[PDB]
Every structure is written in C-alpha cells, then in structure tokens.
Amino acid sequence: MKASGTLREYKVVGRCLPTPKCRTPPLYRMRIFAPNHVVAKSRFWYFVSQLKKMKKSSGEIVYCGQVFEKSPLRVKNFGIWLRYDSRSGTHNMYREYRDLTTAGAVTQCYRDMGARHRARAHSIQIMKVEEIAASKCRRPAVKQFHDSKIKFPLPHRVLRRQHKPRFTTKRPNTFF
Amino acid sequence: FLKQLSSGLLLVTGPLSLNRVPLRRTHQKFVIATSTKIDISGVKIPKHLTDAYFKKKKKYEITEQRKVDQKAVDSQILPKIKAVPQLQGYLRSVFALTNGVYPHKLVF
Amino acid sequence: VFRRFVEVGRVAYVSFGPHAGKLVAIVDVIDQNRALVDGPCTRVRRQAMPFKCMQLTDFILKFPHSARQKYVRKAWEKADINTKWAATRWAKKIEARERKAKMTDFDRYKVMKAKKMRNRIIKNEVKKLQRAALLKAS
Amino acid sequence: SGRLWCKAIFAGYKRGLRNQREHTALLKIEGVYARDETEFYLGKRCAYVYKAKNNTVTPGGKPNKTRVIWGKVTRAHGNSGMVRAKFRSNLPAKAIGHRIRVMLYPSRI
Amino acid sequence: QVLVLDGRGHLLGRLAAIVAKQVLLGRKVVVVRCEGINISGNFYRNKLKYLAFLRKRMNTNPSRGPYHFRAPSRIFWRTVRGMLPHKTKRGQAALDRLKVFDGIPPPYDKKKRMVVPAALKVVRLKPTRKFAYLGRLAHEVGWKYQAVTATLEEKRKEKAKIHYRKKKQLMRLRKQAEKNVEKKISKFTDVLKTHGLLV
RNA sequence: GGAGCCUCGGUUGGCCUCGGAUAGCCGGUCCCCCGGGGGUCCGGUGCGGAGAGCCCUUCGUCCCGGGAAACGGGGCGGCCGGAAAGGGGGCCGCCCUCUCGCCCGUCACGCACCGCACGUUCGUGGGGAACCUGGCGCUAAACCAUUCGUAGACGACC
C-alpha cells in the first residue's frame, strides 16, 4: 500500500457469494486505513484472504464508505497495534500518539514507522487502533503533555522566508 | 480622459495649461488607468468633434478651428482641477519609475 | 531569558496561510510542532495549527486547557482583546505597511511633495543646531 | 523623463539538460520572485537594445547606431518569478546576462 | 549596481552557490572579509579535508597540477570556480566580475556591506553542531597573513566606531530637532502618517 | 585649461561604513565608580533610530499672494584628517549672488508635430587619428657594433 497524503478510515464490509449450500454467508466488518476508497477495497481483500478462506472473485463488496471522527476537536491519546516487517523477520509494536482523529494518528504512524524503523507502508499491518485514557498511557514522550498548567517557550525561532530579502543589511533575529 | 470615440480610440485630453497635450486620440492599450476620478459628468463635450476631426489628412499647423475647442472644454475642467487639492500639480508631473519601484508590486 | 510562553490562553498572531493577518488563542498543546488553537471573534474556527504560523503576543487570559468555544468567547469579551490589540505598537506598524501598500499613485504623489518639505525644515533646524552647538562648546 | 521599462535579465535560452531551443528566451524580470506576481507582466512587449557600427534609421529621428529586436513574454517559468519570452528573431547569444527592456504599453489595466 | 557582501558567518558552499548565479547574470559582486566564512563540521575534519587537497598534486611535474591557493579569499574564489562553467567563454566573463578580498580594502570600508541571510550560520546550522572558521584553517595550511590582516581589521573596527559614535549624535539632534519644530510640520506629518510612513 | 570625424562599447537616481549577539539585542539617563570602561534606570524588540527601508525626485517658464529661510543658496585661496589597493572629504577666509532656489496657490505662455519604436542617462564615456589656441614646460635612453671572460653551444650574462 502507498501511504500517501492524509489517510482515511473506511468501514468496508463484504461476504461470500450466496451458495446453493449455505443461504446467507456471514457479513464481515473491516477497518481499513487507505488514501482513497479504491485502494481500500484491495486492502480489504488482503486481510480477508488471510483471515478467512475467501478471495475477491468468490466474494463481493457489500458497502464501502468513509467514517468520520466523532469529535475532531478533542485531542486524544491514540494507541496503535502494529505488525511491521524487518529484513530479518517481523515484529509487533504498540505505538502511541497524541492526535485529533483516528485517521491522522495513523498518518503520524506510517511516517514515524517509516523514519525510525525504515519501514515501508506495504510491510505494515495495522490490527487495532485503541483510544486510551490519559492515566492509561505508556510511552512517556506522549505522557509529558498530560498536565493542566503546561507552559513552555519557543527557544530558537528558526526563521523562514529567508529569500524575500535575499540581500539585506541587518542580522536577522531568532529571539522574540 | 473624457470619452470614447467611434473607432475605438479614446478622447484623452491634457490641460494645455499643464500638460501641453491637446484634444488627442490614444488607444486604450497604451493607458495607465489611475484610480483617481473627477466628476466630469457635468461638462458639455462638443458634438461636432468626432473621429474624422482628428484624422491625419495630408507640415502640421494648428488650424484656427482647432484652437477654439481646446479652450471651450478647458473652461470647466480647469476650475475643477483646482477644486481638488494638489491636482494641477499632479498633472504637470510626469510618470516615471525609480530604483526599487516595481509596477506589479504597487497599486496605482 | 524568555517571556513568550506557549500556554493555555496566550493570544498569538498567525503569520502565513488563509488565516494570515488574524489573532488567535491557543486552547490546547497537541505536540511540539502543532497546537489546538481558536479565535472566536476573528473568523477562525477551532482547528489544529502548527507552530510556524503563529507569532505570540503577550496577551494571556485565564480559562481551562480544553474549554469549549463559548467559554473562549466570554473570556475574550472579559479582557476585551480587540480594543487592546489595535492600540499596540505592533498592530499599528502592520497597519502602516498595508496603507503604504494600498497607497494610490496620486496618494504616492502628495506624500512625495510633503516629504520634500518635511525634510527641509528638519534640515534647516539641524543647521542652526549645528552652528549653535559649535559656539557653546568652545 | 524617466525610465518607463522594467529591468530584465537574459539568463539563457529554453534548454533541457543537454539540448536548447533558441525560439524562446528566458527572462528574469527584476522584482518578481514567484509565479503569483508574474501575472502582471504577462503579455507585455519586451525589447533588446544594442548598438552596431553602421548607422541605422530610427522611426521618428535621425539614423542612430542602435538596433532592436522586438518580442513579448509567452508564459511564466519555474516557481521563482522567471518568465518565458519569444522574440521575432532568436536573441543572439552575446546578450547573455545583459539588460533588456520590458515596456508596459500593452498593459491591460 | 555593485553587490558588496560581508563574509562574517556565511556558510562557504551555501554562499558560493548563491553568488555564482548572480555573477553569471551580469551583476558585479565583490565579497569582503573572506576570512570570516564558516564551514560546517569540527575543525579537525575541515583541516584534514583540505590537506588531502594539497596531496592531490601532479606526480610528474607539480608546477602544472592543481594550484592550491592558501589565502582565504582565493580559497573561497576556488569554490566559486567549481560552481561555474569556467571552461566556456561566458564563464570567463563571469569570473572577472567576482573580486574577493581578505579583510576590507579602502574602496569598501566606508560603504554598507550586504549579507545573504539564506546562507548564514545562525539559521542554517543546528546550534549544537560544530563549525570551523576559515581564518584558522588557512593559517594552518600555508597562509602567511592571519596576523597582519588582524592588525588591519583592528584598525578599522575603531575607525568606523568613530563614524558610528558620531552618526548617533548627528541624529540625536535630528530627533531633537522635531521636538521644537512640530507645530509647523504636523500638517506635513499627518499626510505622511495617514499613508503609513511614521506610524 | 576650446569644437568636429572615426572606433570600441555597455548602461538609463543615489544609500557616506559600528561592532556583534541569536537560550539575545537595540536606544537613551547618567542619580554610581574608574580612567573610555563597568553597574543600573527609563523606554522600544515580530526590529519603525525599521534595507518589508532611507535619501534625491527632474516638465521647462512668466507675474501676484501665503508659509519657511535671515545663520541660507551660488563665486576664488589656504587648512587638515587618508597608506591595506591613499578623497578632489570637511573646515577658514574672499570683492559677486538672492529671501529667485523649495512647499501651497493665481496670472499668462513655451511645434497642441493631427494615436504609434529603439524615448529620458552615467556622457566633457574608453580609445585612435587629424585639426584649437595660448599659458606652462622639457632637450633622452635602449639595442647593434666594439670590448671584456667572474660568463658562455649559439643567444644571453658580467
């Protein structure tokens, strides 16, 4: 999968074809994170092919929509269960983030998993996205923001727009 | 600027007391339309002057018909450009670009 | 020594983006490079915003770390920020640039003729201050 | 009485990495450094002024030593204020980095 | 019509590549105080990186090989020549518009020197990373004039101080001049203040 | 210290300067103390004693009125400061010049060349010839030959 742009969460459901043996196959609900709803469908069949003995041709997509976060204005401590791959075997990780949505917390995972562990997006299998309370957080770099009287300055203000006065006279300040 | 002519050329006239420009034709393409208006909706533009008036017929000498019309429209705008403060000084001045001045950077 | 702290309630000034030229108040601190920010009386919906597009003032107002928008507006109406902000020497020199930016060509002309005469009476006063300092100093 | 053309630099021809096509020039208008502000000088007429030995005529004047090749900008180039420009003849390659004039008179305001 | 750059604190390649475009576009550049240029990394690295450059000489006849320059300016002039098509004819037309100088000659110590802030140490380096002054590097590789140039720079530092010590006083009377002339310029001040010039 | 012909060219208002810090500056006061420094205080710091700028700003005139200017604008001599690749940089006089020089207004006018392009410069430009007119000036040196042999194939060198 190509973890491009900002990701979205999808409620893609499907089932096997109605057989002359079994009347109604059971409906299966899936939580896919994907750029668009097109690639979410093939990412849906990747998991159904492994979790069950089904394939794309012997099944169908019942419903494919994009779910929204119930409260995108409450900062929440998102925990993700990972199944990334290394060059020598695979591993499972429990990564924590402090984000807005279920979607953006996954975006902050693929880049951070792509930076620390050099992990490609196709090597990464999300299995559970669990929002946790504040006192139930584990990674401490997230836990340093759980304080009411949080207060800090911005030490070395890295100046941008340094090409509009490309030839100036003064030494530009990084203190404000 | 005063009015549009038939052909599409414009009737743009400088104050001869300020600009040394007569009733003259000038195409709209070669024009910097400044956002500075004077209410010339009360002047009386002469109907006898038209596109054939300003044709290059055939040494140019200002004909005695021509020196009438420059005076007759002047008698209303010349007080009007003095009812506006520092306007007759604006028209004597000539447009130019200095160092560090960019037309796309400014508004006029 | 620092005086500008990213805390809950410091008014900040958004630098770039579609909210440039606007005030905004920091509600929650998301991460090191992203903050939950809100300006109710300045046409900016509560959204996540990075720390680049903000230039913090020293206007601080007390309310909880995740208080909703009505409790943001009343504290903004308790301290009366917009009257306080327009009186600052910071906001006045922002307003002075756009006036010199929107300055009409004729407005560019009257200011030039006045610039010529405002500098002479400065220059002539310097001259009488030049020679009269050279009398008492000897 | 003052300069009524903007300052323009002839950086080079339209080139790829190892091929160039002389039929358009690449101008660097002084003042513009992004695509958004290139919109104003789009369409305006541009000219290269140089002088030669033999005297050549001047429309409305004594025959001078100066010659011109007229052109106009086609479209904006890059993301940093650069602009393409096509002339009547190809610009001679001695004009690299010299000053050409971008007059305003095809203005649309 | 002349670019006058001060070399204190600008990063070598980041400064050279910027002026390399400018010098090709027919704008004469004179770079001043080339000893103040700063390179990234610890000094032992930048020193050893240049000692390897001296080592790359012509084996059969060293009079024809790479002409290792020792002065700070000609070191900085060399890296500009690397970022320039010098083998062309238009490249030779570029190289002469460059005029590098160790310290400040008389044509420039009473002129305003510009700076390139897109290439500067205090922004384009993380403050914990190490960095080496080029004045030390050239001195320790064969340059002979770190000490005599330093005596000349210690001349103009107090020489231009007298100009600044006077210039403050020349305008402390000027801002004192407006304090007694306001009621005959306020009708010229407000027409400057309503268009944003004194506010 | 005067006018034309060739030729090579580019360019079209200037900025006359602290030093330096960037987890810090900048300006004033000196109520404090040493010989300029240290220490504060009073104000600015998204730099407005801001290069996101400042300065010059240029249609030419002719009269009348107002505001500023009386110290100023504009003449020929000394005088210092300048060596890193040195300014015609300021100051003292001078016998002539105006409250013209600029800013607001009135008066009247300068091919108003009938729509059109290389316009408007730095330009007494660099350089080469011929011509200006006087003041001021100036009356060599190298190479060859010859000689030497501290030198040397020939040159060169002494």
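Everything here concerns the structure above.
Cut-offs applied
Residues numbered from 1 in each chain as written, not as in the entry; some residues may be left out. Chains lettered and ligands numbered in written order. Part of a larger assembly, values for the part shown. Heavy atoms only, no water. Axes fitted to C-alpha atoms, helices over the stretch in contact; angles between N-to-C directions. Helix = DSSP H or I, 4+ residues; strand = E, 2+ residues; numbered from the N terminus. Parallel < 35°, antiparallel > 145°, perpendicular 65-115°, else oblique. Left-handed = near helix turned anticlockwise from the far one by under 90°. Contact = heavy atoms within 4.5 Å. Buried area = accessible area lost by both parts, 1.4 Å probe. Salt bridge = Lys/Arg side-chain N within 4 Å of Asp/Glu carboxyl O. Polar contact = N/O pair within 3.5 Å; in protein donor to acceptor, adjacent residues only side chain to side chain. Expected span 1.5 Å × (residues − 1). Buried < 20%, exposed > 50% of the residue type's maximum accessible area, 1.4 Å probe, protein only. Near = heavy atom within 4 Å. Nonpolar A, V, L, I, M, F, W, Y, C, P; charged D, E, K, R; others polar. Core = buried A, V, L, I, M, F, W, Y, C linked by side-chain atoms within 4.5 Å. Pairing = 2+ DSSP bridges. Patch = residues over 30% accessible without salt bridge, like charges linked within 9 Å, V, L, I, M, F, W, Y side chains within 5 Å. Areas by Shrake-Rupley, 256 points an atom, 1.4 Å probe, with all protein chains shown as cover. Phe/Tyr/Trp six-rings, centres within 6.5 Å; stacked < 30°, edge-to-face > 60°.

Undergrad: Which parts of the structure should I look at to understand the packing of helix α1 (residues 12-24) of chain E against helix α3 (residues 72-82) of chain E?
TA: All names here are of chain E. Packing of α1 against α3 brings their axes to within 9 Å, and their N-to-C directions diverge by 55 degrees. For the element pair α1 / α3, the angle class is oblique. For the pair α1 and α3, the crossing hand works out as right-handed. Seen from α1, the contacting residues are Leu12, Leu15, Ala16 and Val19; seen from α3, they are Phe76, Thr79 and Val80.

Undergrad: Looking at this model, I keep getting lost on the interface of chain A and chain C. Mind explaining?
TA: A common way to report how large an interface is uses the accessible area buried once the components associate. Every contact between the two is made by 18 residues of chain A and, on the other side, 21 residues of chain C. Note on chain A versus chain C: buried area summed over both sides is about 1,900 Å², and carbon and sulfur give 62% of it. Viewed at the interface, chain C and chain A are joined by two salt bridges. Seen at the junction of chain A and chain C, the total is seven residue pairs in polar contact. Of all elements in the fold, only β5 (93-99) and β7 (151-153) of chain A reach the threshold of two or more residues within the side of chain A that touches chain C.

Undergrad: What is the right way to look at helix α1 (residues 37-51) of chain A in this model?
TA: Since the α-helix turns once every 3.6 residues, residues separated by three or four places project in the same direction. Residues and elements named next belong to chain A. In this model α1 runs 21 Å from its N-terminal to its C-terminal C-alpha over 15 residues, within 8% of the 21 Å that 1.5 Å per residue would give. Residues of α1 that are buried include every one of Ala40, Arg43, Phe44, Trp45, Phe47 and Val48, and no others. Looking at the buried residues of α1, the elements they touch are β1 (8-16), β2 (28-34) and β3 (59-66).

Undergrad: For this particular structure, what's the right way to read the side chain of D:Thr38?
TA: All names here are of chain D. Counting through the fold element by element, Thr38 comes out in the loop between β2 (20-29) and β3 (45-58). Residue class for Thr38 comes out buried when judged on its relative accessible area of 7%. Of the polar contacts made by the side chain of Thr38, one reaches the backbone oxygen of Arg35; its length is 2.3 Å. Here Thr38 is in contact with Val32, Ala76, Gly81 and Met82, once residues within four sequence places are set aside.

Undergrad: Would you mind going over the protein's contact with RNA strand F with me for this structure?
TA: Around RNA strand F there are 115 residues in total, and A:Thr174, C:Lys113, D:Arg3, D:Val57 and E:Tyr164 lie nearest to it. Protein-adjacent atoms of RNA strand F, using a 4 Å cutoff, are sugar or phosphate at a proportion of 57%. The contact in question runs from a base oxygen of RNA strand F to an N or O atom on the side chain of D:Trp5, over 3.1 Å. Between RNA strand F and the protein, one listed contact pairs a base nitrogen with a backbone N or O atom of D:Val57 at 2.3 Å.

Undergrad: Can you help me understand unusual backbone geometry in this one?
TA: For residues that are not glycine, phi is negative in most cases, and the peptide bond is trans in most cases. Its identity as a non-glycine residue notwithstanding, A:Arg161 has a phi of 40 degrees, on the positive side. Here A:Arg161 lies in the segment after β7.

Undergrad: Help me understand the interface of chain E and chain D, please; the structure alone is not making it clear to me.
TA: With four residues of chain E at the contact, the number on the chain D side is five residues. Summing both partners gives a buried area of about 340 Å² for chain E against chain D, and 65% of it is carried by carbon and sulfur. One can count zero residue pairs in polar contact joining chain E with chain D. A breakdown of the residues in the side of chain E that touches chain D according to their chemical character gives two nonpolar, one polar and one charged.

Undergrad: Would you mind going over the nonpolar core with me for this structure?
TA: The nonpolar side chains of a soluble globular protein tend to be buried, and buried together. Counting 34 residues, the largest nonpolar core has E:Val31, E:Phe76, E:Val80, E:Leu98, E:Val100 and E:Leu134 as the members making the most contacts within it. Counting residues per element, the ones that place at least two in this core are β1 (3-6), α1, β2 (29-32), α2 (43-55), α3, β4 (98-101) and α6 (134-139) of chain E. Setting aside residues up to four positions removed in sequence, E:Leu98 forms contacts with E:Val23, E:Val29, E:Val31, E:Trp77 and E:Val80. Of all hydrophobic cores here, the second largest spans 25 residues; its members include B:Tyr102, D:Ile29, D:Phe40 and D:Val102.

Undergrad: In this structure, what is going on with the sheet that holds strand β3 (residues 22-31) of chain C? I would like to understand it.
TA: Two orientations exist for strands paired in a sheet by backbone hydrogen bonds: parallel and antiparallel. All names here are of chain C. The strand order β5-β4-β3-β2-β6 describes an open sheet built from five strands, whose pairing is antiparallel. Of all strands in the sheet, those with a lone pairing partner are β5 (44-49) and β6 (55-60), marking the two edges. Ignoring which end each strand starts from, the neighbouring axes of this sheet average 35 degrees apart. Taken together, the four bridges between strand β2 (residues 10-14) and β3 define a ladder with antiparallel strand orientation. Looking across to β3, one finds that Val14 is bridged to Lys22.

Undergrad: Help me out: how do you make sense of the pairing of β2(C) in this one?
TA: For a regular strand, side chains alternate in direction, first toward one face of the sheet and then toward the other. All names here are of chain C. Across the five residues that make up β2, a large majority, five, are buried. Alternating positions in β2 separate into two faces, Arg10, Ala12 and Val14 on one and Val11 and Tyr13 on the other, with burial throughout. The pairing of β2 with β6 spans three bridges and is classified as antiparallel. Across the sheet, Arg10 pairs through a bridge with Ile60, a residue of β6.

Undergrad: Before we go on, may I ask you to explain a nonpolar patch on the surface in this structure?
TA: All names here are of chain A. A cluster of nonpolar side chains, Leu27, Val62 and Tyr63, forms an exposed patch at the surface whose accessible area comes to about 280 Å². Mapped onto the secondary structure, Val62 falls in strand β3. With a relative accessible area of 39%, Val62 lands in the partly exposed category.

Undergrad: Could you clarify how one ought to interpret the pairing of strand β6 (residues 82-87) of chain D in this entry?
TA: All names here are of chain D. Taken across its six residues, β6 has five buried, putting it largely inside the fold. Both β2 and β6 contribute to a ladder of three bridges, which runs antiparallel. Its bridge partner lying in β6, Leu26 is registered against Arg84. As paired elements, strand β4 (residues 61-72) and β6 share two bridges and run antiparallel to each other. The residue bridging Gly71 from the neighbouring strand is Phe87, located in β6. Pairing geometry for strand β5 (residues 76-77) and β6, over two bridges, is antiparallel. Bridge pairing in β6 links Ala76 to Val83. Here β5 folds back onto β6 in antiparallel fashion, the turn holding four residues, of which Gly78 has a positive phi close to 65 degrees.

Undergrad: Mind showing me how you'd approach the environment of C:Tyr13 here?
TA: Residue and element names in this part refer to chain C. Assignment of secondary structure puts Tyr13 in strand β2. In the structure, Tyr13 is positioned 53 residues away from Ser66 in sequence and 20 Å away in space, judged by C-alpha atoms. With residues up to four places along the chain from it excluded, the contact list for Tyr13 reads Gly21, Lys22, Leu23, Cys53, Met54, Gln55, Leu56, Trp85, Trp90 and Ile94.

Undergrad: What am I meant to see in the packing of aromatic side chains here?
TA: The description of an aromatic ring pair rests on the distance of the ring centres and on the angle between the ring planes. Going through the model one piece at a time under the given rule, you end up with 19 aromatic pairs over all chains. Ring centres of A:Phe152 and C:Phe51 lie 6.2 Å apart, and the angle between their planes is 65 degrees; this geometry places the pair in the edge-to-face category. In this pair, A:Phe152 is assigned in strand β7 and C:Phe51 in the loop between β5 and β6, connecting two distinct chains. Both residues of the pair, A:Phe152 and C:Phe51, count as buried. Ring geometry for D:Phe40 and D:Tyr41: centres 4.8 Å apart, planes at 75 degrees, overall edge-to-face. Exposure remark for D:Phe40: the relative accessible area of 16% places this residue in the buried category. What makes D:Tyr41 buried here is its relative accessible area of 4%.

Undergrad: Got a minute to help me understand the arrangement of the chains in this structure?
TA: Here the protein chains form six pairs of chains in contact, of which the pair with the most contacts is chains A and C. The least C-alpha distance between chain A and chain D, which are not in contact, is 8 Å. No interface is formed between chain B and chain E, the nearest pair of C-alpha atoms being 11 Å apart.

The values reported here are purely geometric and, on their own, carry no functional implication.
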